[PDB]
Amino acid sequence: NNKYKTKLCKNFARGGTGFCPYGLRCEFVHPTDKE
Ligand SMILES: [Zn+2]
């Protein structure tokens, strides 16, 4: 289900930028990040 590391970025939150400045190195987990 969840290992608790599913922190959808404020960047990728609807109404935000949609781009994390950190990219892949972003600590916040993207909804794009699949297994
Ligand atoms: Zn991110």
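See the structure printed just above.
Residue labels reflect position in each chain's written sequence, counted from 1, rather than necessarily the entry's numbering. Residues lacking coordinates are not shown. No hydrogens and no water enter the side-chain calculation; it runs on all heavy atoms of the structure.

### What about unusual backbone geometry?
The backbone of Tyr4 sits at a positive phi, close to 80 degrees, despite the residue not being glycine. Accessible area is worked out with a 1.4 Å probe on protein chains only. A residue is then buried under 20% of its type maximum, exposed over 50%, and partly exposed in between. What makes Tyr4 exposed here is its relative accessible area of 69%.

### Observations concerning the coordination of the zinc ion
Tetrahedral coordination by four donors puts the ideal angle at the metal at 109.5 degrees, and octahedral coordination by six puts it at 90 or 180 degrees. Only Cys9 (SG), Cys20 (SG), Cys26 (SG) and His30 (NE2) from the protein reach the zinc ion as donors, at distances of 1.9 to 2.2 Å. Keep in mind that water is not among the atoms, so a site may look incomplete; donors are the N, O and S atoms within 2.8 Å of the metal, or 3.2 Å for Na, K and Ca. Geometry assignment treats four donors as tetrahedral when all angles are between 85 and 135 degrees, treats four as square planar and six as octahedral when opposite donors are over 155 degrees apart and all others between 65 and 115, and treats everything else as irregular. Considering all four donor atoms around the zinc ion, the spread of angles at the metal, 102 to 112 degrees, places the coordination shape in the tetrahedral class. For the zinc ion, the single-chain donor residues occur in sequence as C-x10-C-x5-C-x3-H.

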